[PDB]
Amino acid sequence: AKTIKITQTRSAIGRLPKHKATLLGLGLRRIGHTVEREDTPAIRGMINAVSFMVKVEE
Amino acid sequence: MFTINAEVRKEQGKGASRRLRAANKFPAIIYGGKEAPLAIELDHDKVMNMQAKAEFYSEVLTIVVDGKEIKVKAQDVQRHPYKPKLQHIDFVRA
Amino acid sequence: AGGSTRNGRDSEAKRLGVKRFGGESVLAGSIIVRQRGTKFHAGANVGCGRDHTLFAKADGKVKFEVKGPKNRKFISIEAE
Amino acid sequence: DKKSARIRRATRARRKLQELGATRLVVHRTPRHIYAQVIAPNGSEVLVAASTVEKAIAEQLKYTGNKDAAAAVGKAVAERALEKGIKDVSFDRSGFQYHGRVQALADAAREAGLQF
Amino acid sequence: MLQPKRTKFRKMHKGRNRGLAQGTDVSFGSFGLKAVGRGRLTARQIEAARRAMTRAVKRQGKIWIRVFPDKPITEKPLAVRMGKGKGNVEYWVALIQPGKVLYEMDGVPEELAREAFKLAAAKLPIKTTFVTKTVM
RNA sequence: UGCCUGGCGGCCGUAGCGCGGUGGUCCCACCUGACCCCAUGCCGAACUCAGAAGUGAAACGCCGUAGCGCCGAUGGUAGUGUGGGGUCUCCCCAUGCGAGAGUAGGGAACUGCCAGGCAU
RNA sequence: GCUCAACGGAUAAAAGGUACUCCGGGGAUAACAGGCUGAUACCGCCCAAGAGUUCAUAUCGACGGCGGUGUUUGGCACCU
RNA sequence: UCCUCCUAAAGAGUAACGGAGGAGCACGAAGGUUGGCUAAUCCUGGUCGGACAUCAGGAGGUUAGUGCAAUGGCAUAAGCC
RNA sequence: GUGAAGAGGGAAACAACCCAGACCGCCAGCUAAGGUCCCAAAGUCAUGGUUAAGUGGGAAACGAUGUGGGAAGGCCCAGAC
Ligand SMILES: [Mg+2]
Ligand SMILES: [Mg+2]
Ligand SMILES: [Mg+2]
Ligand SMILES: [Mg+2]
Ligand SMILES: [Mg+2]
Ligand SMILES: [Mg+2]
Ligand SMILES: [Mg+2]
Ligand SMILES: [Mg+2]
Ligand SMILES: [Mg+2]
Ligand SMILES: [Mg+2]
Ligand SMILES: [Mg+2]
Ligand SMILES: [Mg+2]
Ligand SMILES: [Mg+2]
Ligand SMILES: [Mg+2]
Ligand SMILES: [Mg+2]
Ligand SMILES: [Mg+2]
Ligand SMILES: [Mg+2]
Ligand SMILES: [Mg+2]
Ligand SMILES: [Mg+2]
Ligand SMILES: [Mg+2]
Ligand SMILES: [Mg+2]
Ligand SMILES: [Mg+2]
Ligand SMILES: [Mg+2]
Ligand SMILES: [Mg+2]
Ligand SMILES: [Mg+2]
Ligand SMILES: [Mg+2]
Ligand SMILES: [Mg+2]
Ligand SMILES: [Mg+2]
Ligand SMILES: [Mg+2]
Ligand SMILES: [Mg+2]
Ligand SMILES: [Mg+2]
Ligand SMILES: [Mg+2]
Ligand SMILES: [Mg+2]
Ligand SMILES: [Mg+2]
Ligand SMILES: [Mg+2]
């Protein structure tokens, strides 16, 4: 029901604590980890914040 | 008389204005009168040649956008700080 | 070798500022602002201390607002 | 000048009653007339009012700007306030001295039943 | 040598010199010497370039100086360790951004102003250019 | 309901100044007098009282007026959060936010409660 | 009732010398040398007011500017 | 040791043998309250009287004042009787 | 943020830079930065330009008919240079 695929494509080692908390909010754990989340503006805001290191699929 | 050809800007802001000045253009705006302000973009080398005359900043100019001539006057121009180039021009509808 | 200085001093930081911001529910007596002067002013249900400290006389939410002809900044407590 | 200094002289106690939430009696004094009105604690509407410009008060009098007129005004505004159920107010002198016609008015309102 | 007569304070932080300039257009005179590069000048560099264009015009015409050295520059003496207070004020500079008009000139022809401002820019560390007045 | 005026507010310069005009039935103001209430570090100037002959001169109110003050877009520019890059004292690219100053222009306030007067 | 002001105040009450010296430790910290840097120094260069009978550039070169070396005086304290 | 500003990066806080200044008190009224008042400076005229006392008017509108350093405040005055 | 307390791959070598966080095993596969003539794994790939300096593969003021591209200009078959 309006759900999208989010895939972590880069590492989170040297990243900010806020970006690591954003990946925790998305539930991404490792690279290539594809997760399936609903499509809200809050989700789109986390994807906006880490768009450099994720890949949103649809 | 100076006849200048223009196109309506599809997008605005810093990235667009930088990208026009990359591609040898520069934005301008026509305002004044009862009509809404119109965000145009110009070729730089033509207008840089045309503006060297004081006739440019005195006479009434014709701007063609979508084949629709608009008689204006040069209200204000923003120049590059140390290069002979133009950033932005204000046109007041005469 | 040689020299000296005359500019070594400074005082301790008094920790002023706004302790409770707007829309922030407080108890009666809670310090809202510590300040030197009346940079802010006391509005409804808000008292001004000896050192121009703004405290809440009642319970409720903090309301910042600009009133008066001089455009001075008033702090009031909305009821809650 | 005199009007402005009277307002400056009054605007401290007016703001004090403004933050006290006090229903407030406002006196205004002229050489010919004297005015009174009871104002809600919001300061935007009145409750009762009396003056020497009213016919029902001025026609019983010799001159509108003496102490006997001021006492008749404070009596009438007190009897209207108690008719409307307003009992406890706070007297705003409005930059005048508590003296003469103002004092005779407030003493008349105290005697007629207001409590201030 | 230009220098403030009074100052509220004797010393100043080193600061930075980023941003574009404001005195861009030729305001007063007809011809101008505009800075293109970035940096700091001094009262010596200013007065040497002023002498070189005053002599190049044979005191004909009028020369404005748009800049003024108001920033004090400290130095520590030789064989002094890095502590023990801020160094002593040695000279005065003016922070120069790109676009700042440094000098103006009129009463002379254009080619004479070109060769005068060229003799002046040869006394300056930063890269300059020649500009003229403009309507609007 | 209309007009005018007074009081108390709301709002806090699109509300303030300036310039010109205008108002006196009422209101207001000045104004007359003061042994008294009361007052002057002298003075009825002020404060206050008793009044109402005169005048709207001043003040005040109203109307007009863009000399200002004020307000003020659109676009652009500066800056900057994140990511990346370069020739790395400083800048650029993608993206998001986006001024200030200035311009066009606006603009000679708006509104509530009560009371009185004249009209209706 | 304490200029306990060395101001969270070692005691009511305390200055110095050691090239006659000694122990524990430190390259956490100095002197030598090395290192980084290159202010200074040295060597170049740019503009050219003038001097050079005239003539800036035969030789010099004011006012100012840009570099190089690591070579002096120094800075730091990374090795010992 | 203590106070004020900057450094301090628009909450707080934030170092250096960093940049600049002060404090180790005073007051029985210089406190409280009620009532009232509103400056600096300049211009003109005016006995001694003068750049500058005091007096009268006008501009200005706090550029003054705050027991003392600086900052923040202050006209409802926290300033002055 | 990393190292410290963190190995692996790259930057020739190079704690702190770039990519990326090692439970163990496999003579399996895909990729990151960075790379693909040989040392030394992978393009002597394709298409269109530039450079002649081994620039690349170390440096400024300044100097110069080096060379490529663009926009404009003033003389010119009444004959330009
Ligand atoms: Mg950007
Ligand atoms: Mg008028
Ligand atoms: Mg009188
Ligand atoms: Mg009049
Ligand atoms: Mg904008
Ligand atoms: Mg703006
Ligand atoms: Mg106005
Ligand atoms: Mg008006
Ligand atoms: Mg101690
Ligand atoms: Mg101690
Ligand atoms: Mg030993
Ligand atoms: Mg060591
Ligand atoms: Mg060590
Ligand atoms: Mg050594
Ligand atoms: Mg070196
Ligand atoms: Mg010769
Ligand atoms: Mg030579
Ligand atoms: Mg020299
Ligand atoms: Mg050596
Ligand atoms: Mg050395
Ligand atoms: Mg160290
Ligand atoms: Mg060694
Ligand atoms: Mg802070
Ligand atoms: Mg901060
Ligand atoms: Mg008082
Ligand atoms: Mg005098
Ligand atoms: Mg006091
Ligand atoms: Mg490692
Ligand atoms: Mg490695
Ligand atoms: Mg290397
Ligand atoms: Mg290796
Ligand atoms: Mg593969
Ligand atoms: Mg690759
Ligand atoms: Mg191979
Ligand atoms: Mg090939």
# chains A, B, ... in the order shown; residues from 1 in each chain; ligands from 1
call {"tool": "residues_near_ligand", "arguments": {"ligand": "ligand 31", "cutoff": "10 Å", "atoms": "only C-alpha atoms (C1' of nucleotides) and all ligand atoms", "output": "list in words"}}
result
residues 9, 10, 11, 12, 13 and 14 of chain I
call {"tool": "interface_residues", "arguments": {"of": "chain E", "to": "chain F", "cutoff": "9 Å", "atoms": "only C-alpha atoms (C1' of nucleotides)", "output": "number ranges by chain"}}
result
E: 16-20, 38
call {"tool": "closest_atom_pairs", "arguments": {"of": "chain F", "to": "chain C", "cutoff": "12 Å", "atoms": "only C-alpha atoms (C1' of nucleotides)", "output": "JSON lines"}}
result
{"residue": "F:10", "atom": "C1'", "partner": "C:68", "partner_atom": "CA", "distance": 10.9}
{"residue": "F:11", "atom": "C1'", "partner": "C:68", "partner_atom": "CA", "distance": 8.7}
{"residue": "F:12", "atom": "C1'", "partner": "C:69", "partner_atom": "CA", "distance": 4.5}
{"residue": "F:13", "atom": "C1'", "partner": "C:69", "partner_atom": "CA", "distance": 9.5}
{"residue": "F:15", "atom": "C1'", "partner": "C:69", "partner_atom": "CA", "distance": 10.7}
{"residue": "F:16", "atom": "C1'", "partner": "C:69", "partner_atom": "CA", "distance": 11.8}
call {"tool": "select_by_dssp", "arguments": {"residues": "range 10-78 of chain E", "states": "strand (DSSP E or B)", "output": "list in words"}}
result
residues 31, 32, 33, 34, 35, 39, 40, 41, 42, 62, 63, 64, 65, 71, 72, 73, 74 and 75 of chain E
call {"tool": "write_last_selection", "arguments": {"atoms": "N, CA, C and O atoms", "output": "PDB file, in the first residue's frame"}}
result
ATOM      1  N   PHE E  31      38.293  57.526 -14.911  1.00  0.00           N
ATOM      2  CA  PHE E  31      39.020  56.289 -15.106  1.00  0.00           C
ATOM      3  C   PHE E  31      39.372  55.714 -13.748  1.00  0.00           C
ATOM      4  O   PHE E  31      39.556  56.453 -12.778  1.00  0.00           O
ATOM      5  N   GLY E  32      39.481  54.398 -13.682  1.00  0.00           N
ATOM      6  CA  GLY E  32      39.691  53.727 -12.419  1.00  0.00           C
ATOM      7  C   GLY E  32      40.655  52.573 -12.552  1.00  0.00           C
ATOM      8  O   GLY E  32      40.801  51.971 -13.617  1.00  0.00           O
ATOM      9  N   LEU E  33      41.299  52.257 -11.438  1.00  0.00           N
ATOM     10  CA  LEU E  33      42.165  51.093 -11.317  1.00  0.00           C
ATOM     11  C   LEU E  33      41.507  50.097 -10.381  1.00  0.00           C
ATOM     12  O   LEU E  33      41.494  50.296  -9.164  1.00  0.00           O
ATOM     13  N   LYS E  34      40.987  49.018 -10.941  1.00  0.00           N
ATOM     14  CA  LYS E  34      40.210  48.058 -10.182  1.00  0.00           C
ATOM     15  C   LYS E  34      41.040  46.843  -9.824  1.00  0.00           C
ATOM     16  O   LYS E  34      41.734  46.286 -10.673  1.00  0.00           O
ATOM     17  N   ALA E  35      40.947  46.424  -8.573  1.00  0.00           N
ATOM     18  CA  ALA E  35      41.606  45.211  -8.130  1.00  0.00           C
ATOM     19  C   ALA E  35      40.849  43.998  -8.633  1.00  0.00           C
ATOM     20  O   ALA E  35      39.621  43.940  -8.543  1.00  0.00           O
ATOM     21  N   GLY E  39      43.867  40.401  -1.448  1.00  0.00           N
ATOM     22  CA  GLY E  39      44.975  40.538  -0.530  1.00  0.00           C
ATOM     23  C   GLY E  39      44.859  41.797   0.300  1.00  0.00           C
ATOM     24  O   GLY E  39      43.785  42.372   0.442  1.00  0.00           O
ATOM     25  N   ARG E  40      46.002  42.194   0.834  1.00  0.00           N
ATOM     26  CA  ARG E  40      46.136  43.357   1.686  1.00  0.00           C
ATOM     27  C   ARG E  40      47.225  44.253   1.136  1.00  0.00           C
ATOM     28  O   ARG E  40      48.285  43.777   0.723  1.00  0.00           O
ATOM     29  N   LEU E  41      46.951  45.542   1.121  1.00  0.00           N
ATOM     30  CA  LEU E  41      47.912  46.536   0.698  1.00  0.00           C
ATOM     31  C   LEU E  41      48.475  47.238   1.917  1.00  0.00           C
ATOM     32  O   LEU E  41      48.165  46.901   3.058  1.00  0.00           O
ATOM     33  N   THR E  42      49.321  48.229   1.676  1.00  0.00           N
ATOM     34  CA  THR E  42      49.890  48.997   2.760  1.00  0.00           C
ATOM     35  C   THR E  42      49.920  50.463   2.383  1.00  0.00           C
ATOM     36  O   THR E  42      49.690  50.850   1.232  1.00  0.00           O
ATOM     37  N   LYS E  62      42.949  65.067 -11.557  1.00  0.00           N
ATOM     38  CA  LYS E  62      42.636  64.808 -10.162  1.00  0.00           C
ATOM     39  C   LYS E  62      42.579  63.316  -9.907  1.00  0.00           C
ATOM     40  O   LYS E  62      42.004  62.562 -10.699  1.00  0.00           O
ATOM     41  N   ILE E  63      43.202  62.904  -8.807  1.00  0.00           N
ATOM     42  CA  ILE E  63      43.340  61.506  -8.428  1.00  0.00           C
ATOM     43  C   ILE E  63      42.647  61.269  -7.097  1.00  0.00           C
ATOM     44  O   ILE E  63      42.977  61.915  -6.095  1.00  0.00           O
ATOM     45  N   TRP E  64      41.688  60.353  -7.085  1.00  0.00           N
ATOM     46  CA  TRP E  64      41.078  59.880  -5.854  1.00  0.00           C
ATOM     47  C   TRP E  64      41.713  58.568  -5.423  1.00  0.00           C
ATOM     48  O   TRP E  64      42.061  57.724  -6.253  1.00  0.00           O
ATOM     49  N   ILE E  65      41.785  58.373  -4.114  1.00  0.00           N
ATOM     50  CA  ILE E  65      42.164  57.103  -3.516  1.00  0.00           C
ATOM     51  C   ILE E  65      40.972  56.551  -2.753  1.00  0.00           C
ATOM     52  O   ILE E  65      40.584  57.095  -1.713  1.00  0.00           O
ATOM     53  N   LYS E  71      43.752  48.827   9.158  1.00  0.00           N
ATOM     54  CA  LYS E  71      43.954  47.638   9.949  1.00  0.00           C
ATOM     55  C   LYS E  71      45.386  47.562  10.437  1.00  0.00           C
ATOM     56  O   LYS E  71      46.307  47.492   9.611  1.00  0.00           O
ATOM     57  N   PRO E  72      45.625  47.573  11.740  1.00  0.00           N
ATOM     58  CA  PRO E  72      46.987  47.447  12.244  1.00  0.00           C
ATOM     59  C   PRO E  72      47.480  46.020  12.143  1.00  0.00           C
ATOM     60  O   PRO E  72      46.734  45.067  12.368  1.00  0.00           O
ATOM     61  N   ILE E  73      48.756  45.879  11.819  1.00  0.00           N
ATOM     62  CA  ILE E  73      49.382  44.581  11.656  1.00  0.00           C
ATOM     63  C   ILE E  73      50.507  44.493  12.661  1.00  0.00           C
ATOM     64  O   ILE E  73      51.414  45.331  12.664  1.00  0.00           O
ATOM     65  N   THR E  74      50.452  43.479  13.504  1.00  0.00           N
ATOM     66  CA  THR E  74      51.456  43.270  14.524  1.00  0.00           C
ATOM     67  C   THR E  74      52.520  42.300  14.050  1.00  0.00           C
ATOM     68  O   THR E  74      52.287  41.458  13.182  1.00  0.00           O
ATOM     69  N   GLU E  75      53.695  42.433  14.641  1.00  0.00           N
ATOM     70  CA  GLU E  75      54.780  41.495  14.447  1.00  0.00           C
ATOM     71  C   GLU E  75      55.496  41.283  15.764  1.00  0.00           C
ATOM     72  O   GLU E  75      55.562  42.194  16.596  1.00  0.00           O
TER      73      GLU E  75
END
call {"tool": "residues_near_ligand", "arguments": {"ligand": "ligand 17", "cutoff": "9 Å", "atoms": "only C-alpha atoms (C1' of nucleotides) and all ligand atoms", "output": "NGL selection string"}}
result
:G and (57 or 60-61)
call {"tool": "residues_near_ligand", "arguments": {"ligand": "ligand 6", "cutoff": "12 Å", "atoms": "only C-alpha atoms (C1' of nucleotides) and all ligand atoms", "output": "list in words"}}
result
residues 71, 72, 73, 74, 75, 76, 77, 98, 99, 100, 101, 102 and 103 of chain F
call {"tool": "residues_near_ligand", "arguments": {"ligand": "ligand 10", "cutoff": "9 Å", "atoms": "only C-alpha atoms (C1' of nucleotides) and all ligand atoms", "output": "list in words"}}
result
residues 6, 7, 8 and 9 of chain G; 1 of chain H
call {"tool": "residues_near_ligand", "arguments": {"ligand": "ligand 19", "cutoff": "12 Å", "atoms": "only C-alpha atoms (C1' of nucleotides) and all ligand atoms", "output": "list in words"}}
result
residues 33, 34, 35, 36, 37, 38, 69, 70, 71 and 72 of chain G
call {"tool": "residues_near_ligand", "arguments": {"ligand": "ligand 23", "cutoff": "8 Å", "atoms": "only C-alpha atoms (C1' of nucleotides) and all ligand atoms", "output": "PyMOL selection string"}}
result
chain H and resi 8+11-13
call {"tool": "interface_residues", "arguments": {"of": "chain F", "to": "chain A", "cutoff": "12 Å", "atoms": "only C-alpha atoms (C1' of nucleotides)", "output": "PDB file with C-alpha atoms (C1' of nucleotides), in the first residue's frame"}}
result
ATOM      1  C1'   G F  81      23.129  22.934   6.035  1.00  0.00           C
ATOM      2  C1'   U F  82      24.530  18.110   3.622  1.00  0.00           C
ATOM      3  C1'   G F  83      27.396  15.504  -0.115  1.00  0.00           C
ATOM      4  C1'   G F  84      31.377  16.007  -3.688  1.00  0.00           C
ATOM      5  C1'   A F  94      24.496  18.969  -7.143  1.00  0.00           C
ATOM      6  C1'   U F  95      20.610  19.977  -3.801  1.00  0.00           C
ATOM      7  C1'   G F  96      17.816  22.554   0.058  1.00  0.00           C
TER       8        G F  96
END
call {"tool": "residues_around", "arguments": {"residues": "residue 22 in chain H", "least_positions_apart": "2", "cutoff": "12 Å", "atoms": "only C-alpha atoms (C1' of nucleotides)", "output": "PDB file with C-alpha atoms (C1' of nucleotides), in the first residue's frame"}}
result
ATOM      1  CA  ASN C   7      45.097  41.684  29.982  1.00  0.00           C
ATOM      2  CA  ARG C   9      41.470  38.789  33.490  1.00  0.00           C
ATOM      3  CA  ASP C  10      37.907  37.746  32.765  1.00  0.00           C
ATOM      4  CA  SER C  11      34.878  36.902  34.862  1.00  0.00           C
TER       5      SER C  11
ATOM      6  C1'   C H   2      35.946  38.732  42.061  1.00  0.00           C
ATOM      7  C1'   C H   3      33.183  41.956  38.093  1.00  0.00           C
ATOM      8  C1'   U H   4      32.245  43.819  32.453  1.00  0.00           C
ATOM      9  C1'   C H   5      32.989  43.362  26.981  1.00  0.00           C
ATOM     10  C1'   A H  20      40.881  46.039  26.635  1.00  0.00           C
ATOM     11  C1'   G H  24      38.571  44.308  48.004  1.00  0.00           C
ATOM     12  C1'   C H  68      31.935  53.882  41.142  1.00  0.00           C
ATOM     13  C1'   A H  69      34.403  50.076  35.727  1.00  0.00           C
ATOM     14  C1'   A H  70      32.026  48.205  31.378  1.00  0.00           C
TER      15        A H  70
END
call {"tool": "residues_near_ligand", "arguments": {"ligand": "ligand 32", "cutoff": "12 Å", "atoms": "only C-alpha atoms (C1' of nucleotides) and all ligand atoms", "output": "PyMOL selection string"}}
result
chain I and resi 29-32+41-42
call {"tool": "residues_around", "arguments": {"residues": "range 59-71 of chain B", "least_positions_apart": "6", "cutoff": "9 Å", "atoms": "only C-alpha atoms (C1' of nucleotides)", "output": "list in words"}}
result
residues 1, 2, 3, 4, 5, 6, 7, 8, 30, 40, 92, 93 and 94 of chain B
call {"tool": "write_last_selection", "arguments": {"atoms": "C-alpha atoms", "output": "short mmCIF file (atom, residue, chain, number, x, y, z; two decimals), in the first residue's frame"}}
result
data_model
loop_
_atom_site.label_atom_id
_atom_site.label_comp_id
_atom_site.auth_asym_id
_atom_site.auth_seq_id
_atom_site.Cartn_x
_atom_site.Cartn_y
_atom_site.Cartn_z
CA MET B 1 16.12 51.45 -31.25
CA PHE B 2 17.53 48.23 -29.83
CA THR B 3 15.73 44.94 -30.45
CA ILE B 4 16.62 42.15 -28.02
CA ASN B 5 15.43 38.55 -28.20
CA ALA B 6 14.53 36.71 -24.99
CA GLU B 7 13.12 33.46 -23.64
CA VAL B 8 11.00 32.88 -20.55
CA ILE B 30 10.78 42.92 -16.91
CA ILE B 40 13.57 36.33 -19.01
CA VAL B 92 10.81 48.76 -16.61
CA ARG B 93 7.85 48.61 -18.97
CA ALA B 94 7.74 51.99 -20.65
#
call {"tool": "residues_around", "arguments": {"residues": "range 63-66 of chain I", "least_positions_apart": "3", "cutoff": "12 Å", "atoms": "only C-alpha atoms (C1' of nucleotides)", "output": "PyMOL selection string"}}
result
(chain G and resi 45-46) or (chain I and resi 51-53)
call {"tool": "select_by_dssp", "arguments": {"residues": "chain A", "states": "alpha helix (DSSP H)", "output": "list in words"}}
result
residues 17, 18, 19, 20, 21, 22, 23, 24, 25, 26, 41, 42, 43, 44, 45, 46, 47, 48 and 49 of chain A
call {"tool": "write_last_selection", "arguments": {"atoms": "N, CA and C atoms", "output": "tab-separated table (two decimals), in the first residue's frame"}}
result
chain	number	residue	atom	x	y	z
A	17	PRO	N	26.62	11.35	13.21
A	17	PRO	CA	25.74	10.60	14.10
A	17	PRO	C	24.29	10.77	13.72
A	18	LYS	N	23.95	11.92	13.15
A	18	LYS	CA	22.60	12.16	12.70
A	18	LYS	C	22.26	11.31	11.49
A	19	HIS	N	23.25	11.04	10.64
A	19	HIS	CA	22.97	10.20	9.50
A	19	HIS	C	22.90	8.74	9.91
A	20	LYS	N	23.67	8.36	10.92
A	20	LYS	CA	23.56	7.00	11.42
A	20	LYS	C	22.23	6.78	12.10
A	21	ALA	N	21.72	7.81	12.78
A	21	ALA	CA	20.41	7.68	13.38
A	21	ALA	C	19.33	7.68	12.32
A	22	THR	N	19.59	8.33	11.19
A	22	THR	CA	18.61	8.31	10.11
A	22	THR	C	18.55	6.93	9.47
A	23	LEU	N	19.70	6.28	9.35
A	23	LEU	CA	19.71	4.93	8.81
A	23	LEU	C	19.08	3.95	9.78
A	24	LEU	N	19.23	4.22	11.07
A	24	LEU	CA	18.53	3.42	12.06
A	24	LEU	C	17.02	3.63	11.99
A	25	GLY	N	16.59	4.86	11.68
A	25	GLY	CA	15.18	5.12	11.53
A	25	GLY	C	14.59	4.47	10.30
A	26	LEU	N	15.40	4.32	9.27
A	26	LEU	CA	14.97	3.58	8.09
A	26	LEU	C	15.10	2.08	8.28
A	41	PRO	N	5.83	11.66	4.04
A	41	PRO	CA	6.82	12.74	4.00
A	41	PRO	C	7.94	12.58	4.99
A	42	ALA	N	7.71	11.90	6.11
A	42	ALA	CA	8.80	11.69	7.05
A	42	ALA	C	9.83	10.73	6.48
A	43	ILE	N	9.35	9.72	5.76
A	43	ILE	CA	10.26	8.79	5.12
A	43	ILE	C	11.00	9.49	4.01
A	44	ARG	N	10.28	10.30	3.23
A	44	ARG	CA	10.94	11.01	2.15
A	44	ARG	C	11.96	12.00	2.68
A	45	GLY	N	11.73	12.54	3.88
A	45	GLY	CA	12.72	13.41	4.48
A	45	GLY	C	13.96	12.70	4.96
A	46	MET	N	13.82	11.46	5.43
A	46	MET	CA	15.03	10.72	5.75
A	46	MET	C	15.77	10.30	4.49
A	47	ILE	N	15.03	9.97	3.44
A	47	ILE	CA	15.69	9.62	2.20
A	47	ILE	C	16.35	10.86	1.61
A	48	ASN	N	15.75	12.02	1.81
A	48	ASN	CA	16.36	13.25	1.34
A	48	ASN	C	17.65	13.49	2.09
A	49	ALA	N	17.67	13.13	3.37
A	49	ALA	CA	18.82	13.45	4.19
A	49	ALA	C	19.99	12.52	3.88
call {"tool": "residues_near_ligand", "arguments": {"ligand": "ligand 11", "cutoff": "12 Å", "atoms": "only C-alpha atoms (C1' of nucleotides) and all ligand atoms", "output": "PyMOL selection string"}}
result
chain G and resi 21-26
call {"tool": "residues_around", "arguments": {"residues": "residue 87 in chain B", "least_positions_apart": "4", "cutoff": "6 Å", "atoms": "only C-alpha atoms (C1' of nucleotides)", "output": "JSON, numbers by chain"}}
result
{"B": [26, 78, 79]}
call {"tool": "write_last_selection", "arguments": {"atoms": "C-alpha atoms", "output": "PDB file, in the first residue's frame"}}
result
ATOM      1  CA  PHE B  26      22.184  35.906 -18.140  1.00  0.00           C
ATOM      2  CA  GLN B  78      24.064  44.187 -11.967  1.00  0.00           C
ATOM      3  CA  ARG B  79      27.587  43.786 -13.315  1.00  0.00           C
TER       4      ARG B  79
END
call {"tool": "residues_near_ligand", "arguments": {"ligand": "ligand 4", "cutoff": "12 Å", "atoms": "only C-alpha atoms (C1' of nucleotides) and all ligand atoms", "output": "PyMOL selection string"}}
result
chain F and resi 21-24+29-30+55-61
